[PDB]
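Novice: For reference, the structure I am asking about is given below.
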Amino acid sequence: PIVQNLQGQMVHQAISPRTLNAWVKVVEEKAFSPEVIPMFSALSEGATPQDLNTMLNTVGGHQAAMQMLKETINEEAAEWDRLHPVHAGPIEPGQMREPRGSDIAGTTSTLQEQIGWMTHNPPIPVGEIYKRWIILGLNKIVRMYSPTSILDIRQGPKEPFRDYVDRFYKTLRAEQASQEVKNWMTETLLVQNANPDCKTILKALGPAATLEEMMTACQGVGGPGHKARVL
Amino acid sequence: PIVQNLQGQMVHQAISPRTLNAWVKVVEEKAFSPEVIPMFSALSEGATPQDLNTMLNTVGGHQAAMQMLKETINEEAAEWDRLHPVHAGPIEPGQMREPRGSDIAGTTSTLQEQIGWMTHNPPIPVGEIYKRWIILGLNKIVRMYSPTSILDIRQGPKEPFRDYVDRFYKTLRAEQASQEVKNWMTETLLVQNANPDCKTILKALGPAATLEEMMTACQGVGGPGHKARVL
Amino acid sequence: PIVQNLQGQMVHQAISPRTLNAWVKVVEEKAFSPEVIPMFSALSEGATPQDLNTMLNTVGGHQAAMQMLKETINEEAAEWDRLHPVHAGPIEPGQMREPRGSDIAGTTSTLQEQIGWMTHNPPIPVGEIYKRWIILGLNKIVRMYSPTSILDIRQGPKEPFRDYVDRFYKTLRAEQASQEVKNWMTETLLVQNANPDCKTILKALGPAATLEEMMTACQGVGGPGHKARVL
Amino acid sequence: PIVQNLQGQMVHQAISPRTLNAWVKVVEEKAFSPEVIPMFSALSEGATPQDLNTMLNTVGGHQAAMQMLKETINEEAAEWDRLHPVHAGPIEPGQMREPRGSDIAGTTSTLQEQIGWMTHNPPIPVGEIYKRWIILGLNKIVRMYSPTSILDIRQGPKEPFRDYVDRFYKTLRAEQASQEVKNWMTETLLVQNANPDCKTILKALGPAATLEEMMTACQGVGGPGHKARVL
Amino acid sequence: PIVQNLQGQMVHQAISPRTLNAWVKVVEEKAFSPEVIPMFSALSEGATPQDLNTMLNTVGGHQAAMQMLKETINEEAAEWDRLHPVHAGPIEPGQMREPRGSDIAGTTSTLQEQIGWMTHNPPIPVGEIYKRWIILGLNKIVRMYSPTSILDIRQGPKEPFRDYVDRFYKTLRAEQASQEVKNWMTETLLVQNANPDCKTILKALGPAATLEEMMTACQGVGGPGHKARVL
């Protein structure tokens, strides 16, 4: 990575053996899940592609999911060269040569070169871009690794509505639905697979049930006894 | 985060796992509550928009109240852009722009503009501006998940007033109410309702008693004496 | 009506048979209702008082209503003169004299006067100004036939709100009420006619609140709500 | 409307009464259907903010719905100006007329101002920016509730297999859906009376298989419905 | 449309509603046999993506068949952007950006871009390429909504040799197969599926008898001549 210490210029130095040991531990414990992913961003700060390959190469678990992540990388990069032209003139004074997708995976680029792009001013953000495409590569596994579908959701026989709204959102964390499909899921599919008596309170909102309306709903008399007031 | 420097002007440093684990720890003990608003604020020191979102993202549970934080973010970001008009034309050499709704919420947050707003003079804490909205939203989570009114304080038929007062004071943390308003509560309610051995202690204290004197009030009243032990 | 030339002098052209023919499809079908007027105003795009008199001449229908309309047009002319202090004022050599009401109506004036005023620098818009007296004359003859007005409208007992909001707006189209009176209706009779859940929010937020907040109300269930849990 | 595009200098004209009659005919029969947006888009080609305001002026049905489209216009013209620069002050680089939201709704602009903007080369797309908010006002009228959701569509045994599908695709004309929701319905509700031998065929085709491929399938298996033949 | 394309005269006219209606009538009655594609070609003379986009969306009915055609043209845009080389090194640009798959189908391209591909010298063929993607969509519809297959066309034991042919040809018009395959079906398969007395008559005619005589040949089936045939 790239680091600042007590120096005058940025220091290019390798990833820590401590940070790779912490990395494999979360992967042994947790596989790939949506909690893994901001764990991932925080240890890949100021990454070169060489630091990212080192994380990918240290993993010895999940061998089949990892080959699907490299097929996803090959695809985002392949989209990267089509969407942003790679024909150019000659390289002007002051400037460095320009990344294309195999440069962003670091397959064509070398280490001194990759570092040299990200210490340039404004930086050319070769690790940042490659990090984003591997979060997408994570997202594809994390989606398959989930223990249940979003479409099979329904409320526990005595589950509070609040805790089911919560659970439904938690299963919805890595889920790549559009804003209107996410709203139809919340206002239809969630409600429709609810308790009948909470469904009937919620019925009387009409069109456009909010999150603030959902939370405040179903607070009635009867049912379960209250928790004591001196705890 | 962005972190003060011995040998220069401010510098970036990556968000540690230890900081991650310590936020998620108080969530496991006591979740969204009055307690966890200064704990998240104690850990917010030097964080950017991205580190603060990284902090929210690493959390497994607690996700419908997080949906109401996202909802709350959505409310304030529209308000700040509605409040503050856009400048026409371009910003002068070595000056920085206004913080926009999308930048304080983190969607348009990039490091070099983060570092621009921290090397300006006065420096601009774009992370405190974001933090204020997140602890603004944690207040609303507390109100949404509240059982009933703050002025419902219960007591048992032989209690010596000490936990009863603490329970009042704990109950009132949801409010911002004056310390003189609380004392007045104590005169009008807590002293009034006291069990009669403790009530006899309280009555001879004087009606214009100070908060110090009320700490030594009912100390040793009733019970199987003292089961507490010196440490 | 007038046709713009970018290579030389303006062209003024008689009223077209297809303009008059489309006029006849409207006038003898929509007759004593407000539905003539916004289309008439559309046919009157870029019109001279002569063209408009020619569209009047093309109507053979409703002679005693058309005489009633002519009386309003005469009286509207008569009143343009009384809003004007100086009749036949001094004005520099080669421009167009200021128009009186009868000149605007087109019976003391020539076409070259009437195009003459329109094409002036600044424009004197006698075409639009006549049209405005005409459309006041059309609303009155709606209103002599059908005395239905914003103040008569009351909605049925099983009818919840949304049918009445249509009812108001369709009526308001040829309305004759004066500005203070129209405000009194929106603060008085709209609030009283409103059904209860909308009615409460109308008494709180006012009619200067958005129509949406009103239109989201009344889909709920009568009374103030079943009681929340016994704490 | 502004006419003469790609024929030198652009110049103004009047809105055609048979463009208006088709627009009125579109309101009478297809207001609640997404057919309105393309029709209005094309009918309003070349049309000024005033011609767009006349389009609204002309029409008489569904006023509560339509006034909520004016709330939509009021709200968007405010929302536009907090995204953009605004021409503010008497100063030299700020004093000039530039198109802020009220100009684009044509409330403070005259028609001549709007022609000037729109007859520029490249034009300044004032009637288009306003038209996008007319389209949102309509999209919100379309997006009003419709009896029959995609779950209120399932196979029955007395028709071709194809016509039940064809209805599912009518339902999803204004209703929003994911590919996973659509794939769930060929596991759930659109395969209810599907043949034993054919369910495997349909399932073997799976998520990847096209609509072509699903609606060709089953010529060997099952009764008359599967081969597209009447009961 | 933009018309007068061939001689570079490029004049813009917005679409009539009579041509959109003309289109839904073509979809509604002329799309299950290949008369839709020449009527469409003429109707799409000078059509821009905006124009063709407007026509696809205003069909309203015919949803499954539309969906199959959408999926067809969405497959063409994937293919288009897969097809092209990624060009690198020196390129001299010239006027007008590379239109991608989505640009071609109007979805990432504005009418003002569309006016660029049309105004270019030679005009760049984006509306032309999109119109024949739609004809790929309409070919699979002729196929899908076919009543019979060419092999199962057989002479009726009460049908004329001329009627048998007339139906065998028109089937053959709408069979998808390549031009030699259809030469083979004219030359061999036609003669194959004719009833024996007619096949026996055919031998007897040989090369000797001309094509007109065949139209009058094998009579006395269905009853006397050919017209009084039993139904």
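Letters A, B, ... mark the chains of the structure tokens in the order given; residue numbers begin at 1 per chain; ligand numbers begin at 1, in order shown.
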Residues at most 12 Å from segment 183-188 of chain C, counting only C-alpha atoms, excluding those fewer than 2 positions away in the same chain, as an MDAnalysis selection string?
Specialist: chainID C and resid 149:153 165 168:169 172 177:181 190:194 199 202:209
Novice: Find the spatial neighbours of residue 36 of chain D, counting only C-alpha atoms, within a cut-off of 8 Å - ignore same-chain residues fewer than 4 positions away - and output them as a count of residues only.
Specialist: 8
Novice: Residues of chain A within 8 Å of chain B, using only C-alpha atoms, as a list in words?
Specialist: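 For chain A, the answer reads residues 3, 4, 6, 7, 34, 35, 36, 37, 38, 39, 42, 43, 45, 162, 163, 165, 166, 167, 169, 170, 211, 212, 215, 216, 229 and 230 of chain A.
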Novice: After a least-squares superposition of chain C onto chain A, with every Cα atom paired in order, give the RMSD to one decimal place.
Specialist: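 The optimal C-alpha superposition leaves an RMSD of 6.0 Å.
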Novice: Please give the complete set of residues from chain B that DSSP, run on the backbone, assigns to alpha helix (DSSP H), formatted as a ChimeraX atom specification.
Specialist: /B:17-30,36-43,49-57,63-83,101-104,111-118,126-144,162-171,179-185,191-193,196-203,211-216
Novice: With a distance cut-off of 9 Å and only C-alpha atoms, select the neighbouring residues of segment 75-86 of chain B, excluding the residue or stretch itself and same-chain residues fewer than 6 positions from it, and output the selection as a list in words.
Specialist: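 Here the qualifying residues turn out to be residues 98, 100, 101, 102, 104, 105 and 133 of chain B; 78, 79, 81, 82, 83, 84, 85 and 86 of chain D.
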Novice: Could you work out how far atom CA of residue 131 of chain A lies from atom CA of residue 114 of chain B, giving the answer in Å with one decimal?
Specialist: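 Rounded to one decimal, the two atoms are 19.6 Å apart.
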Novice: Measure the distance from atom CA of residue 146 of chain C to atom CA of residue 70 of chain C in Å and round it to one decimal.
Specialist: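 Between these atoms lies a distance of 19.0 Å.
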Novice: Write out as a PyMOL selection string the set of residues from chain E that DSSP, computed on the backbone, places in strand (DSSP E).
Specialist: chain E and resi 2-3+11-12+88-89
Novice: Grab the atom CA of residue 200 of chain D to atom CA of residue 176 of chain A distance for me, in Å with one decimal place.
Specialist: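 Calculated distance between atom CA of residue 200 of chain D and atom CA of residue 176 of chain A is 28.5 Å.
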Novice: Check the smallest atom-to-atom distance from each of C:46, C:137, C:90, C:196 to residue 119 of chain C using only C-alpha atoms, then report the winner.
Specialist: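 Closest candidate: C:46.
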